[PDB]
Structure formats: structure tokens, C-alpha cells
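First up is the structure itself, then whatever we jot down about it.
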Amino acid sequence: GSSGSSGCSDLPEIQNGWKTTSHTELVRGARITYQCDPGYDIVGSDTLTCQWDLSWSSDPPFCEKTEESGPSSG
């Protein structure tokens, strides 16, 4: 029984953000990192791991704008 072909499914492109992972081939244990634009915040789990069922713990997060005006409070 020598056969693999197991690995999570490529995550969908995220708006105002991009994923960054060390290993290209999504395999068990792999850790995904979600990064959004400077100034926004992530809602959910910033880090997503691949379960033994080839399914991420939960759906991917998203980027949300925060109530802020300008770089300095003022």
C-alpha cells in the first residue's frame, strides 16, 4: 500500500490580503498564514492547519477595515 496524493485544497484568493506558506504542496500539518493590507484586521483564525481529513479546521478568515482616520490620532 504505497500511495499518497493527500493534501488540503488550495485556498481561495483573499481580498486585501495574501497567504504565505513555507511548503508549496499542502500536506498534513502544513500551516497557512493570512496577511491583509496595512491598517485592516483579520476576522477568525489567522492561522489555519490541515486536519487528518484533508480539511482545514474552519473556513478561511477575511480582512476588515477598522474605524481609524490618519496614521496619527491627532
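By order in the C-alpha cells, chains are A, B, ...; within a chain, residues start at 1; ligands start at 1, following the order shown.
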All residues 10 Å or closer to residue A:71, only C-alpha atoms, same chain fewer than 3 positions away omitted, as a ChimeraX atom specification
/A:39,68,74
Go ahead and dump the residues you just picked, N, CA, C and O atoms, as a PDB file, in the first residue's frame.
```pdb
ATOM      1  N   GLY A  39      -3.382  48.292   8.046  1.00  0.00           N
ATOM      2  CA  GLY A  39      -4.456  49.128   8.550  1.00  0.00           C
ATOM      3  C   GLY A  39      -5.727  48.344   8.811  1.00  0.00           C
ATOM      4  O   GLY A  39      -6.578  48.770   9.591  1.00  0.00           O
ATOM      5  N   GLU A  68     -10.628  54.132  11.801  1.00  0.00           N
ATOM      6  CA  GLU A  68      -9.458  54.965  12.054  1.00  0.00           C
ATOM      7  C   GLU A  68      -9.267  55.988  10.937  1.00  0.00           C
ATOM      8  O   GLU A  68      -9.577  55.720   9.776  1.00  0.00           O
ATOM      9  N   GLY A  74      -3.856  62.450  16.377  1.00  0.00           N
ATOM     10  CA  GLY A  74      -4.007  63.882  16.195  1.00  0.00           C
ATOM     11  C   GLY A  74      -4.763  64.535  17.335  1.00  0.00           C
ATOM     12  O   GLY A  74      -4.514  65.693  17.671  1.00  0.00           O
TER      13      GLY A  74
END
```
Residues of chain A in strand (DSSP E) according to DSSP, as a PDB file with N, CA and C atoms, in the first residue's frame?
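Final output, selection07.pdb:
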```pdb
ATOM      1  N   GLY A  17      -5.517  40.890   0.940  1.00  0.00           N
ATOM      2  CA  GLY A  17      -4.633  40.020   1.695  1.00  0.00           C
ATOM      3  C   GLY A  17      -4.092  38.878   0.859  1.00  0.00           C
ATOM      4  N   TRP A  18      -3.072  38.202   1.374  1.00  0.00           N
ATOM      5  CA  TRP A  18      -2.461  37.083   0.666  1.00  0.00           C
ATOM      6  C   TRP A  18      -1.950  36.032   1.647  1.00  0.00           C
ATOM      7  N   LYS A  19      -1.941  34.777   1.210  1.00  0.00           N
ATOM      8  CA  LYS A  19      -1.475  33.679   2.049  1.00  0.00           C
ATOM      9  C   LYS A  19       0.014  33.427   1.836  1.00  0.00           C
ATOM     10  N   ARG A  31       0.979  24.673   7.781  1.00  0.00           N
ATOM     11  CA  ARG A  31       0.407  25.837   8.445  1.00  0.00           C
ATOM     12  C   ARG A  31       0.299  27.015   7.481  1.00  0.00           C
ATOM     13  N   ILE A  32      -0.915  27.530   7.318  1.00  0.00           N
ATOM     14  CA  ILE A  32      -1.151  28.657   6.424  1.00  0.00           C
ATOM     15  C   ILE A  32      -1.242  29.965   7.203  1.00  0.00           C
ATOM     16  N   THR A  33      -0.721  31.036   6.612  1.00  0.00           N
ATOM     17  CA  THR A  33      -0.742  32.346   7.249  1.00  0.00           C
ATOM     18  C   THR A  33      -1.480  33.365   6.386  1.00  0.00           C
ATOM     19  N   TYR A  34      -2.472  34.024   6.974  1.00  0.00           N
ATOM     20  CA  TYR A  34      -3.257  35.023   6.258  1.00  0.00           C
ATOM     21  C   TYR A  34      -2.810  36.433   6.629  1.00  0.00           C
ATOM     22  N   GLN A  35      -2.393  37.198   5.625  1.00  0.00           N
ATOM     23  CA  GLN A  35      -1.940  38.567   5.843  1.00  0.00           C
ATOM     24  C   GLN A  35      -2.758  39.550   5.013  1.00  0.00           C
ATOM     25  N   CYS A  36      -3.250  40.600   5.663  1.00  0.00           N
ATOM     26  CA  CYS A  36      -4.048  41.614   4.985  1.00  0.00           C
ATOM     27  C   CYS A  36      -3.268  42.917   4.844  1.00  0.00           C
ATOM     28  N   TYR A  40      -5.857  47.196   8.155  1.00  0.00           N
ATOM     29  CA  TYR A  40      -7.035  46.353   8.316  1.00  0.00           C
ATOM     30  C   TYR A  40      -6.798  45.282   9.378  1.00  0.00           C
ATOM     31  N   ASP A  41      -7.845  44.528   9.691  1.00  0.00           N
ATOM     32  CA  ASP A  41      -7.752  43.469  10.689  1.00  0.00           C
ATOM     33  C   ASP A  41      -8.365  42.173  10.165  1.00  0.00           C
ATOM     34  N   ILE A  42      -7.919  41.049  10.715  1.00  0.00           N
ATOM     35  CA  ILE A  42      -8.423  39.745  10.303  1.00  0.00           C
ATOM     36  C   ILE A  42      -9.512  39.252  11.249  1.00  0.00           C
ATOM     37  N   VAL A  43     -10.539  38.624  10.685  1.00  0.00           N
ATOM     38  CA  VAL A  43     -11.645  38.101  11.479  1.00  0.00           C
ATOM     39  C   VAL A  43     -11.693  36.579  11.418  1.00  0.00           C
ATOM     40  N   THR A  47      -4.268  31.740  11.579  1.00  0.00           N
ATOM     41  CA  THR A  47      -3.524  30.551  11.180  1.00  0.00           C
ATOM     42  C   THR A  47      -4.456  29.364  10.972  1.00  0.00           C
ATOM     43  N   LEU A  48      -4.296  28.682   9.842  1.00  0.00           N
ATOM     44  CA  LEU A  48      -5.124  27.524   9.524  1.00  0.00           C
ATOM     45  C   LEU A  48      -4.261  26.294   9.260  1.00  0.00           C
ATOM     46  N   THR A  49      -4.568  25.202   9.953  1.00  0.00           N
ATOM     47  CA  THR A  49      -3.822  23.960   9.793  1.00  0.00           C
ATOM     48  C   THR A  49      -4.645  22.917   9.047  1.00  0.00           C
ATOM     49  N   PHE A  62     -11.040  36.690   6.839  1.00  0.00           N
ATOM     50  CA  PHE A  62     -11.169  37.782   5.882  1.00  0.00           C
ATOM     51  C   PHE A  62     -10.588  39.074   6.448  1.00  0.00           C
ATOM     52  N   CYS A  63     -10.472  40.087   5.596  1.00  0.00           N
ATOM     53  CA  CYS A  63      -9.931  41.376   6.009  1.00  0.00           C
ATOM     54  C   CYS A  63     -11.049  42.391   6.226  1.00  0.00           C
ATOM     55  N   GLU A  64     -10.965  43.131   7.327  1.00  0.00           N
ATOM     56  CA  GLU A  64     -11.970  44.135   7.651  1.00  0.00           C
ATOM     57  C   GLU A  64     -11.314  45.469   7.998  1.00  0.00           C
ATOM     58  N   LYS A  65     -11.950  46.560   7.586  1.00  0.00           N
ATOM     59  CA  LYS A  65     -11.432  47.896   7.853  1.00  0.00           C
ATOM     60  C   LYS A  65     -11.789  48.346   9.265  1.00  0.00           C
TER      61      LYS A  65
END
```
Please list as number ranges by chain every residue within 9 Å of stretch 8-11 of chain A, counting only C-alpha atoms and excluding residues in the same chain fewer than 3 positions away.
A: 14, 19, 25-28, 30, 50-51, 53-56, 60
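We find atom CA of residue A:44 and atom CA of residue A:72 to be spaced 27.0 Å apart.
Taking atom CA of residue A:24 and atom CA of residue A:4 as the two end points, the separation is 16.1 Å.
Take atom CA of residue A:21 and atom CA of residue A:5: the distance between them is 19.0 Å.
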